[PDB]
There are 2 protein chains.
Amino acid sequence: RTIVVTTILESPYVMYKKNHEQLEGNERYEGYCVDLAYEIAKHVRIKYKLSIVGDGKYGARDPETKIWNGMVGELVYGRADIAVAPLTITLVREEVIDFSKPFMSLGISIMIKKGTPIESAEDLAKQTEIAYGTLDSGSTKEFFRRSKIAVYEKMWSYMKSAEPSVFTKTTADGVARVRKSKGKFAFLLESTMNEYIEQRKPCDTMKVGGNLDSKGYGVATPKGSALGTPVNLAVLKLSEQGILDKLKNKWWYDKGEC
Amino acid sequence: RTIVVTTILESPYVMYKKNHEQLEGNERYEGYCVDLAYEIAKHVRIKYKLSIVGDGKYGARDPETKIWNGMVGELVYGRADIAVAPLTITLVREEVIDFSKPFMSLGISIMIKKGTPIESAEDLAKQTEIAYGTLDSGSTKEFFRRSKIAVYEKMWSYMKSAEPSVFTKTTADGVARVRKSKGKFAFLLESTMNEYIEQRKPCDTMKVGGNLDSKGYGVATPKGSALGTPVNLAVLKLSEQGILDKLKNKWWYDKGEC
Ligand SMILES: NC(=O)CN1CCCC1=O
Ligand SMILES: NC(=O)CN1CCCC1=O
Ligand SMILES: N[C@@H](CCC(=O)O)C(=O)O
Ligand SMILES: N[C@@H](CCC(=O)O)C(=O)O
Ligand SMILES: [Zn+2]
Ligand SMILES: [Zn+2]
């Protein structure tokens, strides 16, 4: 009767509240997906408990063991009933889990430290003075790995072999690396995260250029699960009532520091 | 074995080829959705015949007879197997048909004749010198009808009662009205259509302001139909291989005249 909602610590989607160590259960957390989970659970009429995914990953299949990790894995192996997180709707995932229609629309983007001489993916691909990378084990990495587009192929060949590794284990590590590298590292990440960081002190990074693709995040359920339909309709209702727009404003812009 | 694909004449999604009267069947048509249909049918491995929806409408339920019209109706009553068209994914439709994940992301937008003193929905709502309207029987009209947001409520109250009618029967009639009204009519339509028109001679209209919402178009099938899964995966594959981006470029920008 209490359903398990797997999610991930990723600002501003899910973050610890300032006094979290003095709190328990759902009250430990705040952010866009915490609010999204509350609203969906209210429409679908369920009790639920937030659970930060143990391995801190979004979800990918190990090509050897064929085992899924991350939140995708929580759903696949029946350890979580729903995932409410910035989880990208992709073909390979759609084969093994279900997704609501998108609750946010976004694309892969470039983050630079301000002043960096880079305006586009082409600009990065044609030089080597500025290193660039992505989050490990997520959809952005897979994008470069799978792309058959020339410039992206070129970027992948550079990233796959770059030493020291340019694949970070969290988005926050990528951001720090941009910020500490004096313009010699750029980060490839989703425009939503990029746009949030750009609005936060020290206000030293910015998104450059257009997005590389157009896609969306979806609330996910195990394949064939009974919750999938209600959740989907809940997402569409929140979209049409403007709640999703409201929440984006709340967590990105209303508190903008730059 | 030959499946019926309902669609709608709406530039640049489906248009008559220049010498259509000398042609037959699928060869009569060209445009983004014609290409989209071809690509999906190739992945799903089906033969199909394009069929322009008889009533020229997207789809709405008559509140009296409770009968669905337009392409939604073609699917609901089993006269078409698939719809490939700029058909907006909405809650009420999702109750009676299925939709792939979105193949295009868009939002409601304002089109003005260039020079018109209007920058926003607020600007329209607070004056009456400039009339404004929408397409009849589509999702934009429903948006205003259903909105609980102040400015939009105000716009709806004006449109619902405006005389002569501001609800056009096709998008093209709305555009003509903007173009012939010397700045005294603005049109509320999806940003995709708005963006296409803006790139076409006489180059006398433009999109102003941000979009009013964020949503998407989806390929639609009757509820519970076996084609739904394959079509969905086909859409995600085309998205990830960049075909959808390619097609948008082909039909909007590559041939831009402004
Ligand atoms: N070739 C393109 O412009 C591709 N784009 C543009 C915006 C979003 C996207 O996927
Ligand atoms: N309040 C908002 O900004 C709402 N927006 C912005 C862009 C798209 C959308 O639905
Ligand atoms: N949203 C991504 C994670 C972030 C990224 O890969 O840039 C995913 O679902 O895998
Ligand atoms: N795409 C819309 C039609 C255009 C509009 O309403 O602006 C629909 O599916 O109803
Ligand atoms: Zn501590
Ligand atoms: Zn003729």
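Just follow the structure's listing: the first ligand is 1, and inside any ligand the first atom is 1. Below, chains carry the letters A, B, ... as their sequence lines are ordered, and counting in each starts from 1.
For B:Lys57 and B:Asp55, the salt-bridge test fails: no basic side-chain N is under 4.0 Å from an acidic carboxylate O. Under the 4.0 Å criterion applied to side-chain N and carboxylate O atoms, A:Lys246 and A:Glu39 are not assigned as salt-bridge partners. Of the charged side-chain nitrogens involved, at least one lies within less than 4.0 Å of a carboxylate oxygen, so that B:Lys248 and B:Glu195 count as a salt-bridged pair.
Ring-plane geometry between B:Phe144 and B:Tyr152 is classed as perpendicular, the angle between the planes exceeding 60 degrees on a 0 to 90 degree scale with a lower cut at 30.
Atom 6 (C) of ligand 2 is never approached by the protein to below 4.0 angstrom, counting heavy atoms only.
With hydrogens and angles disregarded, no donor-acceptor distance shorter than 3.5 Å links the side chain of B:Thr134 to the backbone of B:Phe167.
Counting the atoms of ligand 2 from 1 in the order shown, those under 4.0 Å from a heavy atom of B:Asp213 are 10 (O). Contact atoms of ligand 2 toward A:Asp245: 4 (C), 5 (N), 9 (C), 10 (O) (distance under 4.0 Å to a heavy atom of the residue).
Among heteroatoms of the N, O or S kind in A:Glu21, OE2 lies nearest the Zn ion (ligand 5).
Protein heavy atom closest to atom 2 (C) of ligand 2, with residue, atom name and distance, is A:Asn249 OD1, 3.7 Å.
For the pair B:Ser214 and ligand 2, the shortest N or O to N or O distance falls below 3.5 Å.
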